[PDB]
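To be precise, the following lines are upload31.pdb, and they hold PDB, N, CA and C atoms.
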ATOM      1  N   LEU Y 104     -22.366  36.953 -18.286
ATOM      2  CA  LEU Y 104     -22.996  37.626 -19.411
ATOM      3  C   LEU Y 104     -23.513  36.655 -20.463
ATOM      4  N   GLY Y 105     -23.382  35.352 -20.229
ATOM      5  CA  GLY Y 105     -23.979  34.366 -21.101
ATOM      6  C   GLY Y 105     -23.204  34.039 -22.355
ATOM      7  N   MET Y 106     -22.028  34.636 -22.559
ATOM      8  CA  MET Y 106     -21.246  34.308 -23.747
ATOM      9  C   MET Y 106     -20.770  32.863 -23.706
ATOM     10  N   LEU Y 107     -19.918  32.528 -22.741
ATOM     11  CA  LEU Y 107     -19.435  31.168 -22.565
ATOM     12  C   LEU Y 107     -19.764  30.726 -21.148
ATOM     13  N   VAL Y 108     -19.610  29.431 -20.892
ATOM     14  CA  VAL Y 108     -19.882  28.859 -19.580
ATOM     15  C   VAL Y 108     -18.728  27.946 -19.188
ATOM     16  N   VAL Y 109     -18.240  28.113 -17.962
ATOM     17  CA  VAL Y 109     -17.192  27.242 -17.448
ATOM     18  C   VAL Y 109     -17.818  25.965 -16.896
ATOM     19  N   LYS Y 110     -17.070  24.869 -16.974
ATOM     20  CA  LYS Y 110     -17.580  23.559 -16.605
ATOM     21  C   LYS Y 110     -16.680  22.919 -15.559
ATOM     22  N   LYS Y 111     -17.164  21.824 -14.979
ATOM     23  CA  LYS Y 111     -16.411  21.117 -13.953
ATOM     24  C   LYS Y 111     -15.202  20.409 -14.559
ATOM     25  N   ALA Y 112     -14.461  19.715 -13.699
ATOM     26  CA  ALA Y 112     -13.253  19.006 -14.093
ATOM     27  C   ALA Y 112     -13.464  17.506 -13.927
ATOM     28  N   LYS Y 113     -13.026  16.737 -14.919
ATOM     29  CA  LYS Y 113     -13.061  15.287 -14.818
ATOM     30  C   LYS Y 113     -11.709  14.758 -14.352
ATOM     31  N   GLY Y 114     -11.719  13.515 -13.866
ATOM     32  CA  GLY Y 114     -10.487  12.912 -13.386
ATOM     33  C   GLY Y 114      -9.441  12.769 -14.475
ATOM     34  N   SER Y 115      -9.880  12.505 -15.709
ATOM     35  CA  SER Y 115      -8.942  12.378 -16.820
ATOM     36  C   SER Y 115      -8.298  13.717 -17.162
ATOM     37  N   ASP Y 116      -8.864  14.811 -16.662
ATOM     38  CA  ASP Y 116      -8.254  16.119 -16.854
ATOM     39  C   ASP Y 116      -7.218  16.368 -15.765
ATOM     40  N   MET Y 117      -6.066  16.908 -16.156
ATOM     41  CA  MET Y 117      -4.931  17.013 -15.254
ATOM     42  C   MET Y 117      -4.525  18.469 -15.066
ATOM     43  N   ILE Y 118      -3.883  18.724 -13.927
ATOM     44  CA  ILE Y 118      -3.413  20.059 -13.581
ATOM     45  C   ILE Y 118      -2.162  20.400 -14.387
ATOM     46  N   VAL Y 119      -1.807  21.677 -14.377
ATOM     47  CA  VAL Y 119      -0.571  22.185 -14.963
ATOM     48  C   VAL Y 119       0.347  22.597 -13.817
ATOM     49  N   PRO Y 120       1.604  22.150 -13.794
ATOM     50  CA  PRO Y 120       2.430  22.317 -12.590
ATOM     51  C   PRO Y 120       3.048  23.698 -12.454
ATOM     52  N   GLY Y 121       2.530  24.672 -13.189
ATOM     53  CA  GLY Y 121       3.130  25.983 -13.237
ATOM     54  C   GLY Y 121       3.116  26.765 -11.935
ATOM     55  N   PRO Y 122       1.934  27.196 -11.486
ATOM     56  CA  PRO Y 122       1.885  28.174 -10.393
ATOM     57  C   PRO Y 122       2.106  27.572  -9.016
ATOM     58  N   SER Y 123       1.993  28.411  -7.987
ATOM     59  CA  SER Y 123       2.142  27.994  -6.593
ATOM     60  C   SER Y 123       0.747  27.945  -5.982
ATOM     61  N   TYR Y 124       0.178  26.741  -5.923
ATOM     62  CA  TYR Y 124      -1.201  26.546  -5.475
ATOM     63  C   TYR Y 124      -1.265  26.606  -3.948
ATOM     64  N   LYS Y 125      -1.133  27.823  -3.425
ATOM     65  CA  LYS Y 125      -1.232  28.072  -1.991
ATOM     66  C   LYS Y 125      -2.465  28.924  -1.712
ATOM     67  N   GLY Y 126      -3.339  28.424  -0.840
ATOM     68  CA  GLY Y 126      -4.536  29.151  -0.456
ATOM     69  C   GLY Y 126      -5.531  29.402  -1.566
ATOM     70  N   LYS Y 127      -5.868  28.383  -2.355
ATOM     71  CA  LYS Y 127      -6.745  28.538  -3.510
ATOM     72  C   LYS Y 127      -8.054  27.785  -3.303
ATOM     73  N   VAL Y 128      -9.100  28.207  -4.012
ATOM     74  CA  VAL Y 128     -10.273  27.352  -4.180
ATOM     75  C   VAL Y 128     -10.749  27.276  -5.621
ATOM     76  N   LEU Y 129     -10.431  28.242  -6.479
ATOM     77  CA  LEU Y 129     -10.956  28.254  -7.841
ATOM     78  C   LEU Y 129      -9.930  28.871  -8.775
ATOM     79  N   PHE Y 130      -9.402  28.055  -9.675
ATOM     80  CA  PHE Y 130      -8.535  28.494 -10.755
ATOM     81  C   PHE Y 130      -9.155  28.074 -12.080
ATOM     82  N   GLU Y 131      -8.802  28.789 -13.142
ATOM     83  CA  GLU Y 131      -9.286  28.450 -14.470
ATOM     84  C   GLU Y 131      -8.217  27.676 -15.219
ATOM     85  N   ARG Y 132      -8.635  27.006 -16.284
ATOM     86  CA  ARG Y 132      -7.724  26.483 -17.290
ATOM     87  C   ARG Y 132      -8.470  26.345 -18.611
ATOM     88  N   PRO Y 133      -8.261  27.256 -19.563
ATOM     89  CA  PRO Y 133      -8.866  27.083 -20.890
ATOM     90  C   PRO Y 133      -8.306  25.839 -21.563
ATOM     91  N   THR Y 134      -9.162  25.135 -22.290
ATOM     92  CA  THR Y 134      -8.797  23.867 -22.895
ATOM     93  C   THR Y 134      -9.102  23.889 -24.386
ATOM     94  N   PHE Y 135      -8.795  22.775 -25.050
ATOM     95  CA  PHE Y 135      -9.150  22.630 -26.455
ATOM     96  C   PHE Y 135     -10.659  22.676 -26.652
ATOM     97  N   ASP Y 136     -11.415  22.033 -25.763
ATOM     98  CA  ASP Y 136     -12.865  21.954 -25.886
ATOM     99  C   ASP Y 136     -13.566  23.139 -25.232
ATOM    100  N   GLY Y 137     -13.331  23.347 -23.945
ATOM    101  CA  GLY Y 137     -14.043  24.383 -23.232
ATOM    102  C   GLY Y 137     -13.210  24.927 -22.097
ATOM    103  N   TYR Y 138     -13.901  25.489 -21.112
ATOM    104  CA  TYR Y 138     -13.246  26.150 -19.994
ATOM    105  C   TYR Y 138     -13.559  25.392 -18.711
ATOM    106  N   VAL Y 139     -12.522  25.106 -17.927
ATOM    107  CA  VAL Y 139     -12.610  24.168 -16.816
ATOM    108  C   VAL Y 139     -12.316  24.895 -15.512
ATOM    109  N   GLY Y 140     -13.147  24.643 -14.509
ATOM    110  CA  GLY Y 140     -12.957  25.204 -13.179
ATOM    111  C   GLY Y 140     -12.896  24.107 -12.135
ATOM    112  N   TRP Y 141     -12.052  24.310 -11.127
ATOM    113  CA  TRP Y 141     -11.822  23.336 -10.070
ATOM    114  C   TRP Y 141     -12.134  23.980  -8.728
ATOM    115  N   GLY Y 142     -12.689  23.194  -7.801
ATOM    116  CA  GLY Y 142     -13.053  23.700  -6.497
ATOM    117  C   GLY Y 142     -12.623  22.764  -5.381
ATOM    118  N   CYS Y 143     -12.504  23.343  -4.188
ATOM    119  CA  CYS Y 143     -12.285  22.580  -2.968
ATOM    120  C   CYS Y 143     -13.359  22.962  -1.960
ATOM    121  N   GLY Y 144     -13.239  22.405  -0.758
ATOM    122  CA  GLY Y 144     -14.218  22.685   0.273
ATOM    123  C   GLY Y 144     -13.889  23.947   1.048
ATOM    124  N   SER Y 145     -14.900  24.476   1.737
ATOM    125  CA  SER Y 145     -14.654  25.562   2.676
ATOM    126  C   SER Y 145     -13.902  25.026   3.885
ATOM    127  N   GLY Y 146     -12.870  25.757   4.300
ATOM    128  CA  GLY Y 146     -11.907  25.236   5.242
ATOM    129  C   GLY Y 146     -10.877  24.317   4.625
ATOM    130  N   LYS Y 147     -11.187  23.700   3.484
ATOM    131  CA  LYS Y 147     -10.218  22.916   2.720
ATOM    132  C   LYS Y 147      -9.304  23.892   1.997
ATOM    133  N   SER Y 148      -8.296  24.381   2.713
ATOM    134  CA  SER Y 148      -7.311  25.255   2.098
ATOM    135  C   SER Y 148      -6.485  24.481   1.080
ATOM    136  N   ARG Y 149      -6.125  25.153  -0.006
ATOM    137  CA  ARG Y 149      -5.287  24.576  -1.047
ATOM    138  C   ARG Y 149      -3.871  25.110  -0.879
ATOM    139  N   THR Y 150      -3.002  24.316  -0.251
ATOM    140  CA  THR Y 150      -1.638  24.743   0.036
ATOM    141  C   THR Y 150      -0.592  23.951  -0.739
ATOM    142  N   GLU Y 151      -0.993  23.212  -1.770
ATOM    143  CA  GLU Y 151      -0.062  22.476  -2.610
ATOM    144  C   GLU Y 151      -0.650  22.310  -4.004
ATOM    145  N   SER Y 152       0.230  22.046  -4.971
ATOM    146  CA  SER Y 152      -0.202  21.966  -6.364
ATOM    147  C   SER Y 152      -1.050  20.725  -6.621
ATOM    148  N   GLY Y 153      -1.087  19.798  -5.668
ATOM    149  CA  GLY Y 153      -1.819  18.564  -5.880
ATOM    150  C   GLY Y 153      -3.316  18.791  -5.963
ATOM    151  N   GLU Y 154      -4.024  17.756  -6.424
ATOM    152  CA  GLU Y 154      -5.480  17.817  -6.499
ATOM    153  C   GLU Y 154      -6.105  17.716  -5.111
TER     154      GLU Y 154
ATOM    155  N   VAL K 257       8.041   5.715  -3.529
ATOM    156  CA  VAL K 257       7.750   6.033  -2.137
ATOM    157  C   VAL K 257       6.238   6.062  -1.965
ATOM    158  N   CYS K 258       5.758   5.508  -0.854
ATOM    159  CA  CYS K 258       4.341   5.533  -0.510
ATOM    160  C   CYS K 258       4.201   5.919   0.957
ATOM    161  N   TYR K 259       3.363   6.918   1.227
ATOM    162  CA  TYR K 259       3.219   7.496   2.557
ATOM    163  C   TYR K 259       1.762   7.856   2.801
ATOM    164  N   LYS K 260       1.260   7.523   3.991
ATOM    165  CA  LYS K 260      -0.147   7.768   4.290
ATOM    166  C   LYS K 260      -0.398   9.229   4.637
ATOM    167  N   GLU K 261       0.671  10.002   4.839
ATOM    168  CA  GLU K 261       0.683  11.420   5.233
ATOM    169  C   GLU K 261      -0.082  11.633   6.534
ATOM    170  N   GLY K 262      -0.503  10.555   7.183
ATOM    171  CA  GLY K 262      -1.093  10.570   8.503
ATOM    172  C   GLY K 262      -0.716   9.268   9.171
ATOM    173  N   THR K 263      -0.132   9.343  10.366
ATOM    174  CA  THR K 263       0.535   8.201  10.990
ATOM    175  C   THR K 263       1.625   7.651  10.071
ATOM    176  N   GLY K 264       2.276   8.563   9.352
ATOM    177  CA  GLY K 264       3.452   8.246   8.579
ATOM    178  C   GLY K 264       3.192   7.466   7.306
ATOM    179  N   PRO K 265       4.079   6.518   7.015
ATOM    180  CA  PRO K 265       4.036   5.825   5.723
ATOM    181  C   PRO K 265       2.892   4.828   5.625
ATOM    182  N   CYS K 266       2.694   4.311   4.414
ATOM    183  CA  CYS K 266       1.667   3.308   4.173
ATOM    184  C   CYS K 266       2.056   1.994   4.846
ATOM    185  N   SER K 267       1.089   1.088   4.958
ATOM    186  CA  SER K 267       1.372  -0.229   5.506
ATOM    187  C   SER K 267       1.957  -1.144   4.429
ATOM    188  N   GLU K 268       2.580  -2.238   4.879
ATOM    189  CA  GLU K 268       3.018  -3.262   3.937
ATOM    190  C   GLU K 268       1.833  -3.876   3.210
ATOM    191  N   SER K 269       0.739  -4.133   3.926
ATOM    192  CA  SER K 269      -0.492  -4.539   3.265
ATOM    193  C   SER K 269      -0.999  -3.455   2.324
ATOM    194  N   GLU K 270      -0.671  -2.193   2.602
ATOM    195  CA  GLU K 270      -1.082  -1.088   1.747
ATOM    196  C   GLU K 270      -0.181  -0.929   0.528
ATOM    197  N   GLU K 271       1.135  -0.803   0.728
ATOM    198  CA  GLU K 271       2.038  -0.632  -0.404
ATOM    199  C   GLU K 271       2.051  -1.844  -1.325
ATOM    200  N   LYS K 272       1.950  -3.058  -0.777
ATOM    201  CA  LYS K 272       1.771  -4.226  -1.631
ATOM    202  C   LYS K 272       0.462  -4.141  -2.402
ATOM    203  N   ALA K 273      -0.595  -3.634  -1.767
ATOM    204  CA  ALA K 273      -1.833  -3.395  -2.497
ATOM    205  C   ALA K 273      -1.645  -2.324  -3.563
ATOM    206  N   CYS K 274      -0.959  -1.228  -3.228
ATOM    207  CA  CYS K 274      -0.847  -0.092  -4.137
ATOM    208  C   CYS K 274       0.071  -0.350  -5.326
ATOM    209  N   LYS K 275       0.548  -1.579  -5.516
ATOM    210  CA  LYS K 275       1.047  -2.007  -6.816
ATOM    211  C   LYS K 275       0.073  -2.968  -7.482
ATOM    212  N   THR K 276      -1.103  -3.167  -6.888
ATOM    213  CA  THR K 276      -2.156  -3.990  -7.467
ATOM    214  C   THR K 276      -3.515  -3.306  -7.338
ATOM    215  N   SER K 277      -3.630  -2.358  -6.408
ATOM    216  CA  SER K 277      -4.914  -1.756  -6.063
ATOM    217  C   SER K 277      -5.294  -0.678  -7.076
ATOM    218  N   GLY K 278      -6.483  -0.106  -6.902
ATOM    219  CA  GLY K 278      -6.983   0.912  -7.802
ATOM    220  C   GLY K 278      -7.649   2.086  -7.114
ATOM    221  N   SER K 279      -7.169   2.461  -5.928
ATOM    222  CA  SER K 279      -7.749   3.602  -5.224
ATOM    223  C   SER K 279      -6.739   4.637  -4.758
ATOM    224  N   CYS K 280      -5.484   4.275  -4.509
ATOM    225  CA  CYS K 280      -4.495   5.240  -4.044
ATOM    226  C   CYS K 280      -3.920   6.001  -5.235
ATOM    227  N   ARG K 281      -4.138   7.314  -5.253
ATOM    228  CA  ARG K 281      -3.786   8.150  -6.389
ATOM    229  C   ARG K 281      -2.299   8.496  -6.362
ATOM    230  N   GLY K 282      -1.847   9.211  -7.386
ATOM    231  CA  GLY K 282      -0.441   9.559  -7.482
ATOM    232  C   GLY K 282      -0.180  10.481  -8.654
ATOM    233  N   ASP K 283       1.090  10.863  -8.784
ATOM    234  CA  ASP K 283       1.542  11.759  -9.841
ATOM    235  C   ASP K 283       1.753  10.970 -11.132
ATOM    236  N   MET K 284       2.369  11.603 -12.126
ATOM    237  CA  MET K 284       2.606  10.957 -13.406
ATOM    238  C   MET K 284       3.834  10.052 -13.336
ATOM    239  N   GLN K 285       4.051   9.302 -14.422
ATOM    240  CA  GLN K 285       4.952   8.150 -14.474
ATOM    241  C   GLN K 285       4.503   7.042 -13.529
ATOM    242  N   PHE K 286       3.365   7.250 -12.874
ATOM    243  CA  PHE K 286       2.733   6.276 -11.994
ATOM    244  C   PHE K 286       1.320   5.928 -12.425
ATOM    245  N   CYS K 287       0.750   6.639 -13.395
ATOM    246  CA  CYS K 287      -0.607   6.409 -13.862
ATOM    247  C   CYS K 287      -0.668   5.894 -15.291
ATOM    248  N   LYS K 288       0.287   6.283 -16.139
ATOM    249  CA  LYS K 288       0.305   5.797 -17.515
ATOM    250  C   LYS K 288       0.487   4.286 -17.564
ATOM    251  N   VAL K 289       1.394   3.756 -16.749
ATOM    252  CA  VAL K 289       1.753   2.347 -16.802
ATOM    253  C   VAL K 289       1.293   1.594 -15.559
ATOM    254  N   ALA K 290       1.443   2.187 -14.375
ATOM    255  CA  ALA K 290       1.048   1.522 -13.141
ATOM    256  C   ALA K 290      -0.438   1.663 -12.838
ATOM    257  N   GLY K 291      -1.151   2.512 -13.573
ATOM    258  CA  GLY K 291      -2.598   2.527 -13.516
ATOM    259  C   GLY K 291      -3.226   3.142 -12.284
ATOM    260  N   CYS K 292      -3.082   4.454 -12.107
ATOM    261  CA  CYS K 292      -3.870   5.147 -11.098
ATOM    262  C   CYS K 292      -5.328   5.147 -11.529
ATOM    263  N   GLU K 293      -6.141   4.306 -10.892
ATOM    264  CA  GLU K 293      -7.559   4.280 -11.217
ATOM    265  C   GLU K 293      -8.277   5.517 -10.689
ATOM    266  N   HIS K 294      -7.572   6.352  -9.921
ATOM    267  CA  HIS K 294      -8.029   7.670  -9.473
ATOM    268  C   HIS K 294      -9.442   7.611  -8.886
ATOM    269  N   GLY K 295      -9.577   6.803  -7.838
ATOM    270  CA  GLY K 295     -10.809   6.784  -7.077
ATOM    271  C   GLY K 295     -11.115   8.162  -6.531
ATOM    272  N   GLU K 296     -12.300   8.686  -6.842
ATOM    273  CA  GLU K 296     -12.632  10.076  -6.535
ATOM    274  C   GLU K 296     -12.849  10.198  -5.031
ATOM    275  N   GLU K 297     -11.735  10.211  -4.302
ATOM    276  CA  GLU K 297     -11.752  10.233  -2.841
ATOM    277  C   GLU K 297     -11.903  11.675  -2.357
ATOM    278  N   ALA K 298     -13.166  12.082  -2.217
ATOM    279  CA  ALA K 298     -13.461  13.436  -1.759
ATOM    280  C   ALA K 298     -12.958  13.661  -0.340
ATOM    281  N   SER K 299     -13.122  12.670   0.532
ATOM    282  CA  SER K 299     -12.661  12.748   1.911
ATOM    283  C   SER K 299     -11.891  11.484   2.257
ATOM    284  N   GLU K 300     -10.870  11.632   3.102
ATOM    285  CA  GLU K 300     -10.042  10.516   3.561
ATOM    286  C   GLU K 300      -9.415   9.773   2.384
ATOM    287  N   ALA K 301      -8.572  10.485   1.641
ATOM    288  CA  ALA K 301      -7.916   9.893   0.486
ATOM    289  C   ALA K 301      -6.909   8.832   0.919
ATOM    290  N   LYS K 302      -6.761   7.803   0.088
ATOM    291  CA  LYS K 302      -5.745   6.791   0.332
ATOM    292  C   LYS K 302      -4.355   7.369   0.083
ATOM    293  N   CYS K 303      -3.338   6.600   0.459
ATOM    294  CA  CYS K 303      -1.995   7.158   0.515
ATOM    295  C   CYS K 303      -1.382   7.274  -0.876
ATOM    296  N   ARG K 304      -0.833   8.452  -1.167
ATOM    297  CA  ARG K 304      -0.335   8.801  -2.492
ATOM    298  C   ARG K 304       1.111   8.348  -2.649
ATOM    299  N   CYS K 305       1.434   7.805  -3.822
ATOM    300  CA  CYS K 305       2.788   7.370  -4.145
ATOM    301  C   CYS K 305       3.338   8.216  -5.289
ATOM    302  N   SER K 306       4.505   8.820  -5.067
ATOM    303  CA  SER K 306       5.184   9.643  -6.058
ATOM    304  C   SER K 306       6.633   9.188  -6.185
ATOM    305  N   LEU K 307       7.426   9.980  -6.900
ATOM    306  CA  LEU K 307       8.828   9.659  -7.123
ATOM    307  C   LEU K 307       9.719  10.382  -6.123
TER     308      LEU K 307
END
For this file, produce the structure as structure tokens.
Amino acid sequence: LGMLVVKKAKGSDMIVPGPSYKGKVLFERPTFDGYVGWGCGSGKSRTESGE
Amino acid sequence: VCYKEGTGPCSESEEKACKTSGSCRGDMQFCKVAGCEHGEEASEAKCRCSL
């Protein structure tokens, strides 16, 4: 709807160890500056909290 | 601990490098002082060292 826009993630930006990152490709994390989204590849299943 | 997660652990040439190198990533308490240069290894990541 054009209100805000989510942006990519830089290496200096770090994950939060809270949830169980099993079978993911896109999670959000609101930040002090903006909104950050992370992605993986197709077939690249996310089965651990690591990057 | 350092492990290649493929064909088991890292090499001696690798683990000796990974206290001097700048491509094998890792968790915290390993980047503040030991300097994870966090090479953006999209494919075929080097072996990760954690606690």
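The environment of region 107-119 of chain Y within 5 Å, counting all atoms listed in the file and disregarding residues fewer than 4 places along the same chain, consists of residues 138, 139 and 140 of chain Y.
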- [ ] Return as an NGL selection string the set of residues that the PyMOL selection byres ((chain K and resi 282) around 7) yields on the displayed structure.
- [x] :K and (280-281 or 283-284 or 286-287 or 292 or 294 or 303-306)
TODO: Name the residues of chain Y that come out as strand (DSSP E or B) in a backbone DSSP run; write them as a VMD selection string.
DONE: chain Y and resid 109 to 110 130 to 133 138 to 141
Open item on the list: Nearest residue to residue 258 (chain K) out of K:285, K:296, K:271, K:278, using only N, CA and C atoms?
Closed with: K:271
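Inside chain K, the residues DSSP reads as helix (DSSP H, G or I) when given the backbone are residues 268, 269, 270, 271, 272 and 273 of chain K.
Picture a line from atom C of residue 288 (chain K) to atom N of residue 274 (chain K); it runs 15.4 Å.
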